[PDB]
Each structure stands twice: as structure tokens, then as C-alpha cells.
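Values quoted throughout were computed directly from the atomic coordinates according to the rules given, and no laboratory measurement underlies them. Here Cβ is always computed from backbone atoms with ideal geometry, including for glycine, and neighbour counts include all displayed protein chains.
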Amino acid sequence: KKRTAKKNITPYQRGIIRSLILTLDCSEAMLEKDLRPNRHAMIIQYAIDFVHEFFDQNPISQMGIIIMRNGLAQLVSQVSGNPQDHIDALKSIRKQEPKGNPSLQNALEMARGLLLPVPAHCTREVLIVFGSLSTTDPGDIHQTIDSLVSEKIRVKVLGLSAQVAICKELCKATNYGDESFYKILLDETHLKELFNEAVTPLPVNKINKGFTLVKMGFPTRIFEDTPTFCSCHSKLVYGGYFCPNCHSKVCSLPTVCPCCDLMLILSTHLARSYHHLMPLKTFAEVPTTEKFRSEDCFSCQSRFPXXXXXXXXXXXXXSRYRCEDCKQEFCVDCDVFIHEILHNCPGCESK
Amino acid sequence: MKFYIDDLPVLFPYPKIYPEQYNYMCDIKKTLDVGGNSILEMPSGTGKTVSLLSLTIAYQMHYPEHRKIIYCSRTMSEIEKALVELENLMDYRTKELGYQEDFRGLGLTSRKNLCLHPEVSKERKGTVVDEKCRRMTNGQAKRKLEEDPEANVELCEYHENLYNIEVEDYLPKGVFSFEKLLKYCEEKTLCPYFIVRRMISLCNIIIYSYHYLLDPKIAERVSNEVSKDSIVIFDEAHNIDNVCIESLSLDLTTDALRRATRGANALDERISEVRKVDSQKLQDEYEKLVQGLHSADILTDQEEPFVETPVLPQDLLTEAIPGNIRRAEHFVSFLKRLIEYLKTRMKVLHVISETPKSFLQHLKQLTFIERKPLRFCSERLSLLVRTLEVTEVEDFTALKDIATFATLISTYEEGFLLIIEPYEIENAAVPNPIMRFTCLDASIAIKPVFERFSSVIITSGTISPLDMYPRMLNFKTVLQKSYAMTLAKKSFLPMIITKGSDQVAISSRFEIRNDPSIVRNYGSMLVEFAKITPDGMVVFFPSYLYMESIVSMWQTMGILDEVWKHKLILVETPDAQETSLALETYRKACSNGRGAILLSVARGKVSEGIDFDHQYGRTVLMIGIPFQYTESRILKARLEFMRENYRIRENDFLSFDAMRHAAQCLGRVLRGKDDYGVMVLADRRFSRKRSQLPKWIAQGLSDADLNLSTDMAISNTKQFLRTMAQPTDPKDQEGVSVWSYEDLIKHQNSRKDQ
Ligand code: SF4
Ligand SMILES: [Zn+2]
Ligand SMILES: [Zn+2]
Ligand SMILES: [Zn+2]
Ligand SMILES: [Zn+2]
């Protein structure tokens, strides 16, 4: 009894530096009484959740946020590399209330205008969030879809309890034909999982486009405390970072340089990407009576696995989900937490 | 695929199949080997088109006996969908096998949809288009044009290039569908009408409307080659008896009688002028009557024959002179006998129905004019018109209609019924008398086509019961099976909304007008869908006039406003063109973002020929039930003959045909097994007749779906579409109910030979 991705294709190249733009709909549709508080406020909630999720897991990417109201679409965040701007924007939104209906075309076009200064290595994806049953366009739709996917921008949309095959067709266009991006839901657990997978870099079978280098340098922490002075907010900065060549002071941020305009991280972010470079073979649940390994966990120490024949119960799940390339165990919580947080296969890292 | 039914390779153009399809092919072949009729059910949710065409090509190419196949759709649109479908079948067949095709199979509808001449094309009424392509390319036009070169005569020149290149040979190889046929013919600036008309003697399959096989005035030019040993299918033949009794129908009204006075006086004028100028050729035609029916130029007419044949295909005919009518002036005399005897029969104070013979003997007492000469009305008229090489027909449309009338009434008896209502009560107490007349037995009209052909195939996406038709049309069949939709997933929720919000038992059969209880009931139902439903939703109504009263008083309600906030309304309208423009705009909108709604009559014209994909079709609603005795008693006497002839009483057939139209409109929403949506009915009566709903449809009806409230139904569709958007595709449960390529068919069936 398993519902598992049979082939976890990940050993290649996914979209890393993603210029992500969630779009929001704040219309009378988001009011309606089908979700527990509402669609609307719950969406604000899970959107904040995604802000943290994304900027954690994609801590080298950028973001701007746009909402839609009253047959009009409204940006709420300039392209920002500080999460809290998005966070407090979302706060300022939640208290504002939805009205009217989404002018989908205007949102698409605003986004189109936004992601233009993004270079090649910076990749372009928008993120619809939809709960309405209709749009309001002022401009020819498939016209703008043509422009969009002609400028190489796949989009992931998350509609609510319906289907709108224009969304599927537009996505299939944006996603080079192949479609998986019109994920809509039927439950709130379902909703958050949708988010969590929206976080990860997204490959399908990549169009072999330009692989361009990216150049940068690294700043250095400061020593003097009283010497408070800033050039990125022009405020007091009691100690921080120092552009490798431009040698300006920068308050703590992974941002691009504000003087000679070059990117500045340390190394950690590369390491997160590597954790998204070679994920591991899935821990296979060892065959029930043919496993007969040592009776505990390896990664943790979990002596439970069976009761040795209780006719039904023990003969159920001889749960020893152990790795593939290392074949070294790890209990169910160990499998979940390894594959979840620290993929870090020690048994496979061990040798 | 290239598989077998134990005897024939099958080049199925899809690697995939459905088990029901193999059931279909097996039983249909088992028929064809013993040519018969064998009424069946094939769900339209699967496109039986491909099953049909694939097996038919396999059978025709494989067995060397029947090189010709007849596939009768209902309309031109069904034909062209099948045309591109067969084109795909043929392209796949060539792709798999190389080139074994040598295949030419074409359809045909009319100049109205095929007159490649632009000036003629700009006209709108198909009768004038017919006459105008006649005159423009007439066996007479060419002559007087050629002996006398003048700008008086013209031609499409499409007939010219036809004559030049086409009528020695055929099209290159293609199955030129209306798209491909019209494109190719335009690139060759050809007359596709005459092209197919001449081509008839060579196509390996043929397709056309039911009418071309049903209206003997057009179902006349059938050759034995196209007839003798062809194989004949009917698809969506459910609503056929309508066409039968229509083909044998003739109503009247006396404004046309004034038009016919105009025409017949004009004929006095023409006979006067010609006979004074020259009666000699008229005497030539007198001796041509004296030699008989004059098939020498009454049937030997490559373009001449003026009046087509209302009678069955020349079976109910003789050949003698019409006695005294040899004189065309006697002829016009009896023409007036008719027209104005019709006029004196036109203004009875009340309704009167007539058997042809009863009123016929009546007329003889009133005016001792005789039946056998009377039949020759149409043919004599046509011949005299040709001998007058006339320049106009509009004055004589009434004359050809009356020719048809007299011919049938002098011809047909004891199955038909004249009826004379002195007004339309719909606008009662005004003069609108109607001398309507029609048949009552469809089996009669069908009988010649059954008589010619054994291997006849009937299949509609509605048929139930499979016995009603054998009763009505009195025919032998063998394998009368309905195919329950084998699906391991729901994919459709039909539900009977007997209870509204107020749980009021609902129907439109209360009346054709308003009763704000049911009115707001239905408005609430509608608008609640309007919110919850996504793009693509059409509900169907019992009657345009009823729907009209309801819609007007609903515009009076704000009930339009919320749907106007969400979706797009499209309404039905009597004008064919603007109805169609609404249709295409609906389609574009629903495929686009803004959801669009149509609403319509179960009898409505679109419900005849237009199918619905996932996009355009999500939630259909049968408000009330499509009954008709709102309208006239022609159906009353129809039922009278029914009962005294068939063991079927009124209510039985009223229910039967109402549910026929119901399922007829239902079937559209589904395209392929990735198809789904809502199906709702809104009336109390649908519980009693749960069993009259076709097999798969009834399977989708669990008794727990009966007489639901509308709010619970709202919930039902809520969860329903929540599910439907989801990719529950194990594809390991799809093998058994899709029979994956070349294997589960091979595996199961070659094992299933048990
Ligand atoms: S058949 Fe030829 S002449 Fe007649 S309408 Fe068509 S194009 Fe014109
Ligand atoms: Zn700063
Ligand atoms: Zn710098
Ligand atoms: Zn463990
Ligand atoms: Zn391992």
C-alpha cells in the first residue's frame, strides 16, 4: 500500500534562479463561504507561509507580488530580496478586503512588463493563485499568451474547486506542451502540499537553452561597532558586509551589490542548491519476511519494525524502509525526516 | 492497430481502444455477414464513428463483394465530422500499411451549402439557389446560348470545367471533405455539387443526409450500383420518424392560394402567347403524350426535370396519357379546378380532417375530376414548363407545391390524413386557415429502402427501447443490445431535481406561462449553478414559446443579473444565422475565459447537429420534459392511428418521444473518455420513467439520485467537479476498462474466446 513517485528524476538541471511572482485575486469570489475562515484570508495565510518557504529554500532568488481586484490587477511588492517587505505587504493586504473580480489579462501583462530586466540565468516563472469562475479581460488573451510563452515564461497556477481549461491550455503553452501545472485542490492539507512542491526548482525535460556563467564576489563582516553608516538604506549600520571590489558597506542581505551591481552571498545558498542537485534514491521498504536485518534503526535507533507474526498485524508492514545505494536502514520517521529536511544520506555518505 | 475479429484485419487508427468498441465491431460484423437491420445501441460518449469506419473499410477492402457502403447521418455537420474522421482513418491506414487505399468516399448536401458560384452564393433561400443554378447551368441555357451567343444566358462556369475535365474522370485520390472538397474544387474553380452528383457512380463509400435517402423527390436518382449491394448505416437515427412524416407532410394556407392564382393566370398568359405564336411544338408534345409517359424526355433529362417526385420512387405510377389533359389548356383548366376547390375547402367554420379518399369522393361529387389524371399533375406541369423554357419560377413555387399536393392525395390513401383548421388558435379569432395534410406511418416511407437493401444498420446515441422502432417501422432485426458504459469511475452525475429549495414538485407541464412558485424555484436553481458552475453550461427547455414567457418574466426578475456578473448568457432565437452566430460566439467565449451559457429547446435546431466537448459542455439541465401537445391535434389523430394500428397508447409514446428528445440533447456533453460533466433534469415525472433512459444513462442513475433537493444537488456537483479536475489516473485500473494497446485486447479476447 504505497502511493510513491516511481521515478524521482532530479539528476540534471532544474530552474534555480527563479524570478517568481505570485499573483493574487482579491475579489468577491475569495470571500465565499466554502473554506473555514474564507478563501481570502486563508489564502493570505498560506501566501505568507509560501513567502517563508520559498525564500528559505530558494534563498538566492527574487520576488514581486501582485493582487487582482475589481476587474483590475494590483502589484503589492516591487522585486524584493528582503522577505519582510513581502511579509508586511501581505499583512497590509489581509486587512484590506477583496472586491470585484480578476482582470486576468492585466495581471498577465503587468507581470510581463515586470520580468523583462531579468537576464538569462535568472529564469522567469509567474505563480497564479485563482479561486474565481471567470475573468475580465481588456486585451486579447491568446495574443498575450503568445507573447508570454514566446518570451520563455512557464507559470504554475493553483485554482480552487473547479477547472478552467484556458488555464490548462495556457500552461501547456508556457510549459512547452507538457502539462502538470494546473494543480487545483479539494482540501487544505492538499493546499499546503501544493505550496511546498511549488517551492522547489522545476525541471521537465529541459529545452537545451544557454547555460551562462554568473560572476560575483563576496563581502566581509565589519569590525567597528560605533561606526554606523549605510549605503543601501542610508541608515546606521553598526557592522556588516563590504563589497569585494566596490568595498561599500551593506546591511545584512544576500542582495546584489548596490554600487557596482553584483550578487553577494556567502556559500550556503550554493549548498542548498546542491541539496537540490543530487537528491537520493528513495528508501525502499525492505521485503517483509525476506529482509531479516538487524532489529533496530541505523540512522536513529528504533527497535520496533515487527512483532514477529501476529497473523495480521505483524504480517502487515515490516517497516524497515532502508536506502537503495546504501541499503542502510532508517525508521519511518527517520526516512521522512531524512528525505524531508536533511536528505544528507549518512548511510550513503558513510563508507 | 492491425487486429482481427477472427476474419478481418482492423487498422484501428488509435493504438488505444475500449472494450465496448470491440463488442460493437463483433456484433456489427456478425450482422453484416448475414445482412440485416439489427437495431443496436452505441454510446456517443465513445465516438462510434471510428469503430464504424474502421470496421467498414476492413470489411469492404477485405471481402470483395460489397464495394459500396452507405452511411446516412442526420445532417451535413454529422457528415463532415465523419468525413474528417474517415480522413484520419485513411491517413492512418496508409501510414500503417503503405498504400492499399485506392479509396474514394464522398458526401453531398446541396447547392445552398455547395454552390461555388459567388453571385448565387450570396443568396439565402435554398430554393432560389436551386432554381438559379439550374438556370445558370441548364441543359437549355447552354443551347440558346450556343445557337444564339448573347449576354442573356450565363453559367457558373463551374459546370463548364466540370463538363470539361471532371466528367471523364474523378478527383485525384482524396476523401475530399467539405473543407478539403470545397478547397480543392475552388482551387480548380469547380462546381462541387455537380461534381459529386456525377461522381456518385464511382465512390466506394457515400454519405449524405437522411433526406437524400428519405425524400423521394430527392431520394430518386439512386442508382443500383449505389443501391444494389451497398451496406447501409444510420447514425443518430433516433429522431427519424419526424423526418419520415415530414417528408410525407403538406400543410396549406390561402395566401399561397392567391400566389397560385397568380402563377396559374401567368400560365394562361404563357400558353396564350406561345400557342398564338406557335402551338406546333405543343402538338409535338401532344404526340409525345400520345406515346405515353414520355420517358424519352420526361425522364431522359440530364438537366431538364422541372418538378421533382413527391410520390415514392416512381412505384405508385402509371404511364398513360392523362386522358383529356393532353391539351395543356384543359390542363390549366383542371389546375383551376384544384386551386379554387381548395379555396372553397379553405374556409370551413371549424376543424375538419380528411382521408384522401373521403374528401376525394367528396370532390368528385362536387367536381367530377378523376384521380388517375390527377396524379399526372406534377409531371405534366413540369413538362409543360420546360416546353415553355420559362424564365421564372417564384410565381410557380405554389404551383409545384400544389402539384406535389394533388399527386400525393391522388396517390396516397388510408395511411395519411388531410386536416383543415380554419385558423391558428395561437392567434385565434383571426383568419389563418390551414389545409394541412400528412402521413401517419413512417414504416411506409421506410419500406422501399428496406425492400432494396438487406444489410441495413441503425444506431443512435439515444435509442430506447430497441423495440419501439421495430414496432413503428415494422422491420426485422436480430441483435438488439444496449452497451452499458463500462467505466471504473463515475465521470457523470445525472440527477432528478423534483424538489427545488422549497421542495416544490416542479414541471413546465403545469402551463406554458408563469407561476412564480416554479418560476423562482427555477431561477434559484439556475443562478446557484451560475455561481458554482465553471465555463460551459447549457440548459434545455420544453418549448421556445414557453422558454420565452419564462425568460421574459425572468428578465423582469433580477435573476439575470448575477449570472451577468459571472457568466455569459446566450439565448435561442428563431433566425438560423443569428442562432448560429450566438453558437459560435458561445463556443469562443467558453473556450476563452468568460464562461458562457446557452439555453434552448430540446427540439431546438442546434440540439440536432452540434456536439459538446468538455469545454462547452459541463452542466446540462432538462427543465421539465419535452412534450408537445401544447400544440395541435395532428398528433392526436397520429395517436389515434397509432393505437388502432400499433399497441401503443398516448401517454406511452408521449413519454417515449419526450425522453427521446431528452437523451438526444443529453448526449452532446461527452466527447472521449476524458469527458464528463453535469446532467440535471427538473421535474417530478422523471422518477416513473427512470427505466426508459438508455442503458449507460440509467446506470449513472442510482435510485439514491432520485428526487433530490436542489441544495443537496448543488453539493453533489460541488464534490463532483472537485473530483473531476483531479488526475486520478492509476493507469493500472485503466487497462481493464480501456484494454491497452495490442495486448489487453489480444490477451483478454484471444483468451476470451471461451
Ligand atoms: S453547381 Fe455550379 S452553377 Fe450550381 S450553384 Fe454550384 S457553382 Fe453555381
Ligand atoms: Zn543598509
Ligand atoms: Zn560593487
Ligand atoms: Zn530511525
Ligand atoms: Zn542511503
Listed residue (A:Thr189, A:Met30, A:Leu72) projecting farthest to the positive dipole end of the protein assembly as shown, Cβ model: A:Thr189
Spatially proximal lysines relative to A:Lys351 (Cα-Cα < 27 Å; intrachain offsets below 8 disregarded): A:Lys6, A:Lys7, A:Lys281, A:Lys291, A:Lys327
B:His62/B:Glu734 FRET efficiency (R0 35 Å; Cβ-Cβ; nearest 0.05): 0.70
DSSP beta bridge pairing in chain B, given as percent antiparallel to the nearest 5: 25 percent
Mean projected area in nm² (Cα convex hull; one quarter of hull surface) for the range A:307-351: 3.6 nm²
Check: the range B:517-649 dipole with +1 on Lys, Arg Cβ and -1 on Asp, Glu Cβ, in debye: 420 debye
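Once you have a ≥ b ≥ c as the square roots of the Cα gyration tensor eigenvalues for the range B:576-725, tell me rounded if a/c is under 1.5, and otherwise prolate or oblate according to whether a/b is larger than b/c.
oblate
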The protein assembly as shown - mean residue ellipticity at 222 nm from DSSP helices (-39,500 (n - 2.57) per run, n ≥ 4, rounded to 500): -12000 deg cm²/dmol
Computed over the range B:353-404, Kirkwood Rh from alpha-carbon pairs, angstrom: 12.6 Å
For the range B:5-36 and the range A:191-243, distance of Cα centres in Å: 65 Å
Label zone at B:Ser750 (point 7 Å along Cα-to-Cβ), backbone N below 20 Å, the range B:8-25: B:8-23, B:25
Relative packing of peptides B:627-640, A:204-217 - highest average C-beta neighbours within 10 Å first: B:627-640, A:204-217
For the protein assembly as shown, share of DSSP beta bridges that run antiparallel, in % to the nearest 5: 30 percent
Long-range tail of P(r) for the range B:83-147 (Cα pairs > 20 Å, %): 54 percent
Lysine pair number, Cα distance threshold 23 Å (strictly under), the range B:595-754, separation 8 or more or different chains: 7
Using alpha-carbon coordinates, inclination of helix A:104-114 to the longest axis of chain A, degrees: 80 degrees
Kyte-Doolittle mean at least -1.0, axial Cα span of 18 Å or more - DSSP H helices of chain B: B:48-62, B:76-97, B:254-277, B:328-344, B:394-411, B:516-532, B:576-591, B:650-666, B:710-724
Relative compactness, the range B:547-640, computed as alpha-carbon Rg over 2.2 N^0.38 Å: 1.26
Inter-part distance where the range B:565-589 and the range B:235-312 are each reduced to a Cα centre, Å: 40 Å
Where the Cα pairs of the range B:176-273 fall when distances are cut into 5 Å bins, in %: 3, 9, 14, 14, 13, 13, 11, 10, 10, 4, 0
Computed over chain A, Cα set: Rg, Dmax in Å: 23.7, 74
Once the Cα gyration tensor of the range A:15-119 is diagonalised, semi-axes √(5λ) in Å: 23, 17, 10
DSSP beta bridge pairing in the range A:1-133, given as percent antiparallel to the nearest 5: 40 percent
Average projected area [Cα convex hull, the range B:616-671], square nanometres: 5.0 nm²
Taking the C-alpha atoms of the range A:243-303, convex hull volume expressed per residue in Å³: 134 Å³
Spacing of the two label points (7 Å from each Cα toward its C-beta) at A:Unk314 and A:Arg221, in nm: 5.5 nm
Computed lengthening from A:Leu277 to A:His190, 0.36 nm per intervening residue step minus Cα-Cα distance: 28.7 nm
Cα long-axis angle, helix A:165-174 against chain A (0 to 90 degrees, to the nearest 10): 90 degrees
10 Å Cβ neighbours from other chains, averaged over peptide A:127-133: 2
Pairwise FRET efficiency - B:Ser249 versus B:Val351, Cβ, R0 = 25 Å, nearest 0.05: 0.90
For q = 0.17, 0.20 Å⁻¹, Debye-computed log10 I/I(0) when each Cα of the range B:233-287 counts as one equal scatterer: -0.73, -0.81
Between the range B:159-227 and the range A:264-335, the Cα center-to-center distance that results, in Å: 72 Å
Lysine pairs within the range A:57-188, Cα separation less than 23 Å, 8 or more sequence positions apart or different chains: 9
Nearest 10 degrees, 0 to 90: helix A:39-57 Cα axis against chain A principal axis: 70 degrees
Per-q log10 I(q)/I(0), the range A:145-205, q = 0.13, 0.19 Å⁻¹ (Debye; single scatterer per alpha-carbon; no solvent): -0.35, -0.72
Hydrodynamic radius by Kirkwood, which averages 1/r over all alpha carbon pairs of chain B, in angstrom: 28.6 Å
Cα gyration tensor, the range B:656-716 - rounded (a/c under 1.5), prolate or oblate: oblate
Chain lengthening between B:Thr573 and B:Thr189 when straightened (0.36 nm per residue, less Cα-Cα): 134.7 nm
Percent of C-alpha pairs per 10 Å bin, the protein assembly as shown, short to long: 2, 8, 14, 17, 18, 14, 10, 7, 5, 3, 2, 1, 0, 0
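For B:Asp703 and B:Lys180, what is the calculated FRET efficiency with R₀ set at 51 Å and r taken between the beta-carbons, to the nearest 0.05?
Numbers: r = 49 Å, r/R0 = 0.97.
So, using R0 = 51 Å, E works out to roughly 0.55.
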Three-way shape label, the range B:466-553, alpha-carbon gyration tensor, a/c 1.5: oblate
10 Å-binned pair-distance histogram of the range B:183-337 (Cα, whole percent): 8, 24, 31, 23, 13, 1
